[PDB]
Amino acid sequence: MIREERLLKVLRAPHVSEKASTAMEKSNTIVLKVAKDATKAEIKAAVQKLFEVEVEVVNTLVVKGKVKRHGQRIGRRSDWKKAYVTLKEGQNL
Amino acid sequence: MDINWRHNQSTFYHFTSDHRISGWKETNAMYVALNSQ
Amino acid sequence: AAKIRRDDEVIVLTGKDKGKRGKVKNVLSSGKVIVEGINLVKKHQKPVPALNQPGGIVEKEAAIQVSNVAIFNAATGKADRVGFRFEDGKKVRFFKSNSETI
Amino acid sequence: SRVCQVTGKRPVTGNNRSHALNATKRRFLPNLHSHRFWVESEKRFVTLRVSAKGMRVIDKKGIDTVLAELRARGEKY
Amino acid sequence: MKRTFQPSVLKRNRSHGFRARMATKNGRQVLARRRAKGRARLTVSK
Amino acid sequence: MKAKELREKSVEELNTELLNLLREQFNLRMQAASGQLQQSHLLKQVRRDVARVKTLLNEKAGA
RNA sequence: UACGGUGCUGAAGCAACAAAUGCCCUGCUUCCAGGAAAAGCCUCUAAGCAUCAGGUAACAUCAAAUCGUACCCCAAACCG
RNA sequence: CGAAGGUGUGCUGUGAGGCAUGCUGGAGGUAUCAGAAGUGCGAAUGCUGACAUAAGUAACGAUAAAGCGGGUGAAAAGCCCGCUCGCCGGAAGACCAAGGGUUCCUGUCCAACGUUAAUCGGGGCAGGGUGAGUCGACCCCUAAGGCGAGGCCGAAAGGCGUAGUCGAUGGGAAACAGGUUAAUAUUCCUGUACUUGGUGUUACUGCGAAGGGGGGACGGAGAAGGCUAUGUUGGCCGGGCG
RNA sequence: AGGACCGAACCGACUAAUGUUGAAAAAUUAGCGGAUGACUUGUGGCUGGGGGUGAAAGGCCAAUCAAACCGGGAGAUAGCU
RNA sequence: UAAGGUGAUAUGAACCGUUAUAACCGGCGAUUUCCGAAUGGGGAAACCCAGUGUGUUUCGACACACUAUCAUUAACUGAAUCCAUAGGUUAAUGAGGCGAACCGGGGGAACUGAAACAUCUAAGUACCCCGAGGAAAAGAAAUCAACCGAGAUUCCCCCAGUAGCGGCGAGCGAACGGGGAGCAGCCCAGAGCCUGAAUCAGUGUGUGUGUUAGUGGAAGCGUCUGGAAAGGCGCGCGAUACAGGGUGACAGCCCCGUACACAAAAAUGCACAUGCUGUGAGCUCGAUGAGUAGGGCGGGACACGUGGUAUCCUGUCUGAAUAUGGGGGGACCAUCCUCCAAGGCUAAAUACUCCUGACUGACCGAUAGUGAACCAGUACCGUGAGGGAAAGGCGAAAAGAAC
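Residues numbered from 1 in each chain as written, not as in the entry; some residues may be left out. Chains lettered and ligands numbered in written order. Part of a larger assembly, values for the part shown. Heavy atoms only, no water.

- Per the PDB record, this model was obtained through cryo-EM at a reported resolution of 3.37 Å.

The structure is reproduced here in structure tokens:
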């Protein structure tokens, strides 16, 4: 099993957008920003054990950071990971 | 713009081309020299 | 330690407020102090479309230097320099010239 | 490399001088030969890359003393 | 016209990359001069 | 809280360890990033408090 | 019908002929210039193990991780 | 009660120069007599910055081509919508690899960038967007070739190379149709599938290799035959009778 | 069958004109040669400086080649400007 | 140490703290992802893939640790072959890589000068490579000197641009001897007597001092100009403190400091003292470094270019005597003097500055000084090695311009 100390550090934020919103209200999937080194077994286990719901399957993409600039000083943001967590028929959050 | 202007002034500083004056300028200097001989 | 400090009453030695007494509002790690009613600047600031919009010319206090003030003796009624003595393991400030612990 | 295993003779450097004294670099090489030495105390042939005066000093000092020197300075035979 | 720089990442790295500078004496001396000059990117890796 | 954590057993710092991570830390990351959580200093103090529990836990366990 | 569309419903849905440079074809015929390797795959056993382990077949159940995935790509995004 | 500096005027010395003073400036300057020099620039096709000149001149990057109405706007030849016109159509269409790396999509701004204007943009700013057991990589295997324990060799650095180990541009398991987003889709959803391993039960049972054999395993050209993609025509179905 | 014939893609580059402060530090347009071969092309690899490679021109080796590029000896030396 | 803080651009929000568990400073600890010698295998650096063992009250999956090569040592195994060696496996210890200069060693140019050029020079320089230390190297006479003597090595000033070497050209260039800096001698080749006897090395402890935070630290007011006073004028005070910096113009007395006097829970450097371990004093007798010295040939180093050339080093061929002996004393012989090679260790004077602290400059002041006063080895250029910029200053205070 995955230890609970690992399993708390994985989920990072709920992702709020309109693709996320239509995924919830149309296909049971909650979209959430996860740890960059988090595997699909860790995300599945962490939503099973931290929101106490039943997860059908996880799909993970990794989002690349945008090169912004302040003034005349550039900088890339930071890569993050986004997990499309497809729940079962019985869920709320 | 200043960096591109310094490098784009630095373009024909190490050239070789002999029929072109200063590396780039077209001329007839081959025929002028050749006819002088 | 620091001679002029936070809740202390000072008089001003140089400039625009020379001889004006007042209480130290706060003391900034630039070596400056804000003393109430003393170094009044007439700022005028824009009514930002966020949380409340004052507008107008707000008259603030500015930070004067620490060396431009000295703490008011009130037993002599003049400016006075500060020293540090030890009393019962406490490093206390004391007025020079009458040697009184503050 | 061309080092005598007994005496430690590297190749050294020098000059070809000519009749006009023109200096040229050269190398003097040792007379290295690979000879197979019978040791009686061990009843074996230990083969070494000796010079041709490493064989003189083996003929004088004996092969056992020489092998004790090579084992002493970590030269593996 | 076909210019000289026809890029390929795999040849960029196999040729001038870090594991290829570290692979020999003289490339390690290259990295030593780039570190000593103090250089934001040593090799061309990414 | 530095002597207070210092005077428990290893099992009890594992309990308040898992409760610093569980109850505090995760719920404040989720609460912070969902528009709630006016009080942002809690994130800092929880994080440093987990540092204390892991410090005393390393000092108590063995060397 | 925020005139952008959004839902609902939805007939016939066949045949003949022509036909590739694609497929049968890693074929067939022929020709000298005589046309990769190694694994997966199928088999044979040696040492060993032999009423165990392993093999085969059926059924059930679990797993299949990680990284890429936008966009241009004969070009205003690549080399010039 | 105003220094250096800057800019005028007046006086003065044979000259390099000096002195006084108005205005700007806003805080430093330095007699005399000595001392030391990065001590004096018009030239070096001198170096650096600035600014002229030609000159409001050539040009504005395929001779595929535009015209009008309406909208937005402070402003429309260029943006958006519509109707016409022209151009490509073995490409000037579509999909990728390499390469790039957010240029993608939406809202918003017009300073600079766009050889003009710009409300527009691959520009600025912010937000969004890339979903895989089956696609590709990773992975298993290898070619050329690299590296290479020992080893042979070499003044030292190091060269070569056996075992091995890497190295695709090659060999190796498996998914298709339809729908959907402003932006992803053989990845999401619907339907119908397939593949390879682990574990467990049951029935039968000889299994077992960095070893043997097969197979993988592979040339150029040519010739037909059988097909299909695809197309054309008829039938059918819906609509039209101008 | 063919280093066979005509001719697109594909490889090339014979002539002319334009261009020559170019649209382009070698191209465009109209014709032109090869086009199953000693062909052409993608991806990777190997050869290095008195050295490579060369159906040989002193050609090519990153717009550089009768001896590459970078750094150093180095402020070479310059009876010359 | 502390009344204020949560680093900067950079304000905010949310808070922490005010007599002590805010913050800041120091000692010692803890954590210390991934790459990199990179070390489990691989690799296109920051990624891919493992094996082995231990543990995991959902042990159908996780967590931790170990696993590189080489050298040395030990154990267990182990061929052709009998014994045995090679080899194999495991364990223990060490190494590996980076770094600016200084140092020793292995290799080693050419441009240039000679008004050409080849001997020569440049120059054993540049560069490449190996190794080591805080310094290295050298070093305790087989050395000079000269019939008197000196007494290891290293460095400095003379000697002395001298004697000499030199296509006797260009150039190269000593020693003896003198004056100073510093000064230190020892051990093995070997037995007996005798033992821990000085000696250092490794450690504990104690003392002293220094470093890493700190503490206290004198003495001024009035008036005029002024936006502002530290300036002018007038009158006072400190000084073992008038070094310096800031403060609204130029401050001994406003602030921080300076002189001066103190301070360490802890970790440390140095110096004494002392405990233990290891080590060996001292005496008598003996020995007193062989393919070596020397030689022939080739080359190199010596200031010395083979010359009449001593001496040292050795690639090659040889080859003694061994204290009634041998080396040197600049061809060489004799006489005389001096020294003991073929084993080794050794402080100080000496060279250098990546780096830290304090101080100083007839050094620079933004085209100067570092390439770089400013988020500079950056932007940018180049496949790459590499090349490589420009760019400071509102004000006293943002009071940085409400409307």
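### Focus: the overall build of chain A
Consideration 1: When helices and strands are counted, chain A shows 3 helices and 6 strands.
Consideration 2: Listing each helix as α and each strand as β along chain A from the N terminus yields α-β-α-β-α-β-β-β-β.
Consideration 3: For chain A, the spread of C-alpha atoms along the principal axes amounts to about 50 × 35 × 15 Å.
Consideration 4: Counting only residues that meet the buried cut, chain A has 34% of its 93 residues in that class.
Consideration 5: The positive charge centre, built from 21 side chains, and the negative charge centre, built from 11, are 12 Å apart in chain A. (Helix = DSSP H or I, 4+ residues; strand = E, 2+ residues; numbered from the N terminus. Buried < 20%, exposed > 50% of the residue type's maximum accessible area, 1.4 Å probe, protein only. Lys, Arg positive; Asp, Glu negative; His and termini not counted. Charge placed at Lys NZ, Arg CZ, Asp CG, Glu CD.)

### As for the overall build of chain E
Consideration 1: If you tally the helices and strands in chain E, you get 3 helices and 0 strands.
Consideration 2: Shown N-terminal to C-terminal, the secondary structure of chain E runs as helices and strands in the order α-α-α.
Consideration 3: Projecting the C-alpha coordinates of chain E onto the three principal axes gives extents of approximately 40 × 20 × 15 Å.
Consideration 4: Evaluated residue by residue, chain E yields a buried proportion of 9% over its 46 residues.

### Re the pattern of salt bridges
Consideration 1: Applying the stated criterion across every chain, the model contains 13 salt bridges over all chains.
Consideration 2: Between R76(A) and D79(A) there is a salt bridge, with the nearest N and O atoms lying 3.4 Å from each other.
Consideration 3: Note on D79(A): relative accessible area 30%, which makes it partly exposed.
Consideration 4: In this structure, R93(C) engages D8(C) in a salt bridge whose closest nitrogen and oxygen atoms are separated by 3.0 Å. Placement of the pair is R93(C) in strand β9 (residues 90-95) and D8(C) in the segment before β1 (9-12), with a sequence separation of 85 residues.
Consideration 5: The class of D8(C) is buried, set by a relative accessible area of 12%. (Salt bridge = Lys/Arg side-chain N within 4 Å of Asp/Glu carboxyl O.)

### Let's talk about the interface of chain A and chain F
You'll often see interface size given as the accessible area lost when the parts meet.
Consideration 1: In this complex, chain A contributes 10 residues to the contact, which on the side of chain F involves 8 residues.
Consideration 2: Overall, the association of chain A and chain F removes approximately 950 Å² of surface from exposure, summing both partners, and the carbon and sulfur fraction of that is 74%.
Consideration 3: When the buried area of chain A at its contact with chain F is split by residue, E5(A), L8(A) and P14(A) rank highest and sum to 44% of it.
Consideration 4: For the interface between chain A and chain F, the tally reads 0 salt bridges.
Consideration 5: At the junction of chain A with chain F, the criterion picks out 2 residue pairs in polar contact.
Consideration 6: Of the residues belonging to the side of chain A that touches chain F, the class tally is 6 nonpolar, no polar and 4 charged. (Contact = heavy atoms within 4.5 Å. Buried area = accessible area lost by both parts, 1.4 Å probe. Polar contact = N/O pair within 3.5 Å; in protein donor to acceptor, adjacent residues only side chain to side chain. Nonpolar A, V, L, I, M, F, W, Y, C, P; charged D, E, K, R; others polar.)

### Describing the protein's contact with RNA strand J
Consideration 1: The immediate surroundings of RNA strand J are formed by 93 residues, with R81(C), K9(D), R12(E), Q29(E) and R33(E) found nearest.
Consideration 2: When atoms of RNA strand J within 4 Å of the protein are sorted by moiety, sugar and phosphate together comprise 76%.
Consideration 3: Residue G56(C) places a main-chain N or O atom 2.6 Å away from a sugar or linking oxygen belonging to RNA strand J.
Consideration 4: The separation between a sugar or linking oxygen of RNA strand J and a polar side-chain atom of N22(D) is 3.2 Å.
Consideration 5: Looking at the surface near RNA strand J, its residues break down into 26 nonpolar, 29 polar and 38 charged. (Near = heavy atom within 4 Å.)

### A closer look at the pairing of strand β8 (residues 82-87) of chain C
All names here are of chain C.
Consideration 1: Alignment of β8 against β9, held across 6 bridges, turns out to be antiparallel. Bridge pairing in β9 places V82 opposite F95.
Consideration 2: Between β8 and β9, which pair antiparallel and follow one another directly, the connecting turn spans 2 residues, one of which, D88, has a positive phi of 60°. (Pairing = 2+ DSSP bridges.)

### Description of the protein's contact with RNA strand I
Consideration 1: The full set close to RNA strand I counts 15 residues, and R20(B), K25(B), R3(E), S8(E) and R14(E) are the nearest of them.
Consideration 2: A distance of 2.8 Å separates a sugar or linking oxygen of RNA strand I from a polar side-chain atom of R20(B).
Consideration 3: Contacts to RNA strand I include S8(E), whose side-chain N or O atom sits 3.0 Å from a phosphate oxygen.

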